[PDB]
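Participant: Got a file for you: data08.pdb, PDB, C-alpha atoms and all ligand atoms.
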```pdb
ATOM      1  CA  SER A   1     140.724  67.543  60.132
ATOM      2  CA  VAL A   2     142.451  69.775  62.631
ATOM      3  CA  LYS A   3     142.779  66.675  64.812
ATOM      4  CA  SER A   4     144.712  64.759  62.152
ATOM      5  CA  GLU A   5     146.798  67.840  61.435
ATOM      6  CA  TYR A   6     147.713  67.822  65.135
ATOM      7  CA  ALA A   7     148.689  64.141  64.954
ATOM      8  CA  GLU A   8     150.995  64.996  62.047
ATOM      9  CA  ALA A   9     152.421  67.824  64.141
ATOM     10  CA  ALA A  10     152.857  65.494  67.083
ATOM     11  CA  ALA A  11     154.846  63.080  64.919
ATOM     12  CA  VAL A  12     157.183  65.849  63.770
ATOM     13  CA  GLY A  13     157.687  66.707  67.442
ATOM     14  CA  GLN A  14     158.590  63.069  68.144
ATOM     15  CA  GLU A  15     161.069  63.117  65.250
ATOM     16  CA  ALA A  16     162.819  66.046  66.927
ATOM     17  CA  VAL A  17     162.865  64.178  70.250
ATOM     18  CA  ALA A  18     164.543  61.254  68.522
ATOM     19  CA  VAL A  19     167.133  63.368  66.713
ATOM     20  CA  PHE A  20     167.774  65.355  69.901
ATOM     21  CA  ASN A  21     168.638  62.244  71.901
ATOM     22  CA  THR A  22     170.967  61.050  69.146
ATOM     23  CA  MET A  23     172.558  64.509  69.157
ATOM     24  CA  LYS A  24     173.015  64.401  72.942
ATOM     25  CA  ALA A  25     174.858  61.083  72.648
ATOM     26  CA  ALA A  26     177.088  62.512  69.913
ATOM     27  CA  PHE A  27     177.849  65.631  71.974
ATOM     28  CA  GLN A  28     178.844  63.500  74.952
ATOM     29  CA  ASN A  29     181.092  61.389  72.669
ATOM     30  CA  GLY A  30     182.743  64.500  71.207
ATOM     31  CA  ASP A  31     181.588  63.767  67.628
ATOM     32  CA  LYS A  32     181.220  67.415  66.679
ATOM     33  CA  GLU A  33     180.735  66.695  62.979
ATOM     34  CA  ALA A  34     177.665  64.631  63.829
ATOM     35  CA  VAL A  35     176.392  67.237  66.269
ATOM     36  CA  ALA A  36     176.567  69.942  63.590
ATOM     37  CA  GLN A  37     174.445  67.870  61.224
ATOM     38  CA  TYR A  38     171.904  66.938  63.899
ATOM     39  CA  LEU A  39     171.583  70.610  64.901
ATOM     40  CA  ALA A  40     170.798  71.509  61.276
ATOM     41  CA  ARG A  41     168.237  68.683  61.157
ATOM     42  CA  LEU A  42     166.669  69.856  64.430
ATOM     43  CA  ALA A  43     166.431  73.433  63.163
ATOM     44  CA  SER A  44     164.438  72.274  60.149
ATOM     45  CA  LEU A  45     162.239  70.057  62.323
ATOM     46  CA  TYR A  46     161.467  72.860  64.761
ATOM     47  CA  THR A  47     160.688  75.230  61.899
ATOM     48  CA  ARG A  48     158.210  72.702  60.468
ATOM     49  CA  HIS A  49     156.693  71.988  63.885
ATOM     50  CA  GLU A  50     156.247  75.711  64.620
ATOM     51  CA  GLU A  51     154.445  76.249  61.303
ATOM     52  CA  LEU A  52     152.091  73.293  61.806
ATOM     53  CA  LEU A  53     151.262  74.501  65.322
ATOM     54  CA  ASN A  54     150.438  77.980  64.032
ATOM     55  CA  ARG A  55     148.122  76.581  61.396
ATOM     56  CA  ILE A  56     146.385  74.463  64.032
ATOM     57  CA  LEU A  57     145.930  77.454  66.327
ATOM     58  CA  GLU A  58     144.606  79.649  63.515
ATOM     59  CA  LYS A  59     142.138  76.901  62.540
ATOM     60  CA  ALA A  60     140.932  76.448  66.123
ATOM     61  CA  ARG A  61     140.376  80.224  66.221
ATOM     62  CA  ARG A  62     138.366  80.189  62.979
ATOM     63  CA  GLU A  63     136.329  77.251  64.349
ATOM     64  CA  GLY A  64     135.556  79.174  67.560
ATOM     65  CA  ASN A  65     137.012  76.314  69.650
ATOM     66  CA  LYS A  66     137.723  78.452  72.685
ATOM     67  CA  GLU A  67     139.234  75.769  74.877
ATOM     68  CA  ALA A  68     141.537  74.515  72.142
ATOM     69  CA  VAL A  69     142.617  78.117  71.467
ATOM     70  CA  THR A  70     143.465  78.683  75.160
ATOM     71  CA  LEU A  71     145.533  75.503  75.319
ATOM     72  CA  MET A  72     147.271  76.182  71.994
ATOM     73  CA  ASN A  73     148.116  79.748  73.061
ATOM     74  CA  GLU A  74     149.766  78.329  76.199
ATOM     75  CA  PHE A  75     151.493  75.558  74.271
ATOM     76  CA  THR A  76     152.910  77.784  71.523
ATOM     77  CA  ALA A  77     154.246  80.127  74.214
ATOM     78  CA  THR A  78     156.127  77.228  75.808
ATOM     79  CA  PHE A  79     157.312  76.161  72.345
ATOM     80  CA  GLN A  80     158.994  79.572  71.965
ATOM     81  CA  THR A  81     160.773  79.044  75.303
ATOM     82  CA  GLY A  82     162.199  75.814  73.947
ATOM     83  CA  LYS A  83     163.065  77.477  70.637
ATOM     84  CA  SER A  84     164.993  80.299  72.343
ATOM     85  CA  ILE A  85     166.911  77.779  74.432
ATOM     86  CA  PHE A  86     167.637  75.781  71.274
ATOM     87  CA  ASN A  87     169.002  78.797  69.441
ATOM     88  CA  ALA A  88     171.229  79.589  72.421
ATOM     89  CA  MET A  89     172.441  75.986  72.329
ATOM     90  CA  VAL A  90     173.318  76.327  68.646
ATOM     91  CA  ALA A  91     175.265  79.510  69.451
ATOM     92  CA  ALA A  92     177.101  77.742  72.272
ATOM     93  CA  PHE A  93     178.139  75.048  69.799
ATOM     94  CA  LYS A  94     179.369  77.639  67.295
ATOM     95  CA  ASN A  95     181.372  79.330  70.070
ATOM     96  CA  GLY A  96     182.865  76.097  71.460
ATOM     97  CA  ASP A  97     181.256  76.696  74.865
ATOM     98  CA  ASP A  98     180.549  73.146  76.010
ATOM     99  CA  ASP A  99     179.580  74.304  79.503
ATOM    100  CA  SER A 100     176.771  76.453  78.095
ATOM    101  CA  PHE A 101     175.835  73.738  75.597
ATOM    102  CA  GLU A 102     175.346  71.236  78.442
ATOM    103  CA  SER A 103     173.292  73.763  80.428
ATOM    104  CA  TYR A 104     170.991  74.641  77.533
ATOM    105  CA  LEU A 105     170.616  70.951  76.634
ATOM    106  CA  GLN A 106     169.316  70.064  80.112
ATOM    107  CA  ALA A 107     167.046  73.124  80.116
ATOM    108  CA  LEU A 108     165.523  72.186  76.756
ATOM    109  CA  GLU A 109     164.862  68.695  78.132
ATOM    110  CA  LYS A 110     163.056  70.029  81.212
ATOM    111  CA  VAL A 111     161.023  72.591  79.266
ATOM    112  CA  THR A 112     159.969  69.806  76.892
ATOM    113  CA  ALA A 113     159.049  67.277  79.581
ATOM    114  CA  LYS A 114     156.951  69.879  81.421
ATOM    115  CA  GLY A 115     154.969  70.663  78.287
ATOM    116  CA  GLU A 116     153.810  67.108  77.645
ATOM    117  CA  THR A 117     150.624  66.982  79.719
ATOM    118  CA  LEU A 118     149.425  70.074  77.819
ATOM    119  CA  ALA A 119     150.402  68.490  74.486
ATOM    120  CA  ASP A 120     148.141  65.577  75.370
ATOM    121  CA  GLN A 121     145.326  67.914  76.479
ATOM    122  CA  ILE A 122     145.357  69.584  73.073
ATOM    123  CA  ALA A 123     144.852  66.333  71.175
ATOM    124  CA  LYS A 124     141.673  65.771  73.202
ATOM    125  CA  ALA A 125     140.388  69.328  72.808
ATOM    126  CA  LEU A 126     140.648  69.762  69.051
TER
HETATM  127  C1  LIG A 201     163.195  71.834  71.970
HETATM  128  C2  LIG A 201     162.549  72.930  71.140
HETATM  129  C3  LIG A 201     163.322  73.562  70.146
HETATM  130  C4  LIG A 201     162.783  74.583  69.344
HETATM  131  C5  LIG A 201     161.455  74.983  69.529
HETATM  132  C6  LIG A 201     160.676  74.363  70.518
HETATM  133  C7  LIG A 201     161.211  73.344  71.322
HETATM  134  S1  LIG A 201     160.145  72.609  72.560
HETATM  135  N1  LIG A 201     160.968  72.905  74.036
HETATM  136  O1  LIG A 201     160.117  71.153  72.355
HETATM  137  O2  LIG A 201     158.903  73.391  72.629
END
```
Translate this file's structure into structure tokens.
Facilitator:
Amino acid sequence: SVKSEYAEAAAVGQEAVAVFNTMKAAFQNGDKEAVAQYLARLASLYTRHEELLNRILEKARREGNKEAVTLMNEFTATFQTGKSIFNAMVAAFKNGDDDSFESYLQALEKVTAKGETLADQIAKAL
């Protein structure tokens, strides 16, 4: 069902939260080799999450589930905010700009925390 597809999507999102917090600890410790690998792992996780979310939105549209479509349109828009911040973080790491990396890291945390009430609303709407 679309609801179980969203639970699978939610788990992938939680996998990225876990890897992100490990990556933050590695960044603070200066373990740049670990950070590089975690950033690659996060990129793959966000790509998978994005695709699952798009399939869920398209299915809600085909089902005529207007409220779930509204919420998923809002949620995917916020997802792209987080994705843009993530890509800027990756670039900051490439460039050796730790000041920007720290900034983007905190921003991605706040964007993600804000979007959690909506994430829960979607589970209930589908
Ligand atoms: C953190 C991140 C990274 C890439 C895409 C989306 C997100 S978010 N802010 O969890 O929607």
Participant: Set the cut-off to 9 Å, count only C-alpha atoms and all ligand atoms, and list whatever residues fall near ligand LIG 201 (chain A) as a VMD selection string.
Facilitator: chain A and resid 13 16 to 17 20 42 to 43 45 to 47 49 to 50 75 to 87 105 107 to 115
Participant: Now that the selection is made, can you save its residues with C-alpha atoms as a short mmCIF file (atom, residue, chain, number, x, y, z; two decimals), in the frame of the given file?
Facilitator:
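As a result, part_22.cif now contains:
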```cif
data_model
loop_
_atom_site.label_atom_id
_atom_site.label_comp_id
_atom_site.auth_asym_id
_atom_site.auth_seq_id
_atom_site.Cartn_x
_atom_site.Cartn_y
_atom_site.Cartn_z
CA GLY A 13 157.69 66.71 67.44
CA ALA A 16 162.82 66.05 66.93
CA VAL A 17 162.86 64.18 70.25
CA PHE A 20 167.77 65.36 69.90
CA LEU A 42 166.67 69.86 64.43
CA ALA A 43 166.43 73.43 63.16
CA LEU A 45 162.24 70.06 62.32
CA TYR A 46 161.47 72.86 64.76
CA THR A 47 160.69 75.23 61.90
CA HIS A 49 156.69 71.99 63.88
CA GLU A 50 156.25 75.71 64.62
CA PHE A 75 151.49 75.56 74.27
CA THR A 76 152.91 77.78 71.52
CA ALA A 77 154.25 80.13 74.21
CA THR A 78 156.13 77.23 75.81
CA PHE A 79 157.31 76.16 72.34
CA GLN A 80 158.99 79.57 71.96
CA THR A 81 160.77 79.04 75.30
CA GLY A 82 162.20 75.81 73.95
CA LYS A 83 163.06 77.48 70.64
CA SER A 84 164.99 80.30 72.34
CA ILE A 85 166.91 77.78 74.43
CA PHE A 86 167.64 75.78 71.27
CA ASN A 87 169.00 78.80 69.44
CA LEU A 105 170.62 70.95 76.63
CA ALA A 107 167.05 73.12 80.12
CA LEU A 108 165.52 72.19 76.76
CA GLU A 109 164.86 68.69 78.13
CA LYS A 110 163.06 70.03 81.21
CA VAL A 111 161.02 72.59 79.27
CA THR A 112 159.97 69.81 76.89
CA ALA A 113 159.05 67.28 79.58
CA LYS A 114 156.95 69.88 81.42
CA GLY A 115 154.97 70.66 78.29
#
```
Participant: Taking all atoms listed in the file into account, name the residue in A:25, A:118, A:10, A:125 that is nearest to residue 68 (chain A).
Facilitator: A:125
Participant: Expand the PyMOL selection byres (((chain A and resi 1) around 10) and not hetatm) into the explicit residue set it covers here, and present it as an NGL selection string.
Facilitator: :A and (2-7 or 56 or 59 or 126)
Participant: Hey, which of A:51, A:26, A:71, A:12 ends up closest to residue 123 (chain A)? Count only C-alpha atoms.
Facilitator: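 Under the stated criterion, the closest residue is A:71.
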Participant: Counting all atoms listed in the file, which of A:11, A:69, A:22, A:35 gets nearest to residue 101 (chain A)?
Facilitator: A:35
Participant: Please determine, counting all atoms listed in the file, which residue among A:96, A:63, A:14, A:55 has the shortest atom-to-atom distance to residue 32 (chain A).
Facilitator: A:96
Participant: What is the CA of residue 40 (chain A)-CA of residue 94 (chain A) distance in Å, reported with one decimal?
Facilitator: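 Here the two named atoms are 12.1 Å from each other.
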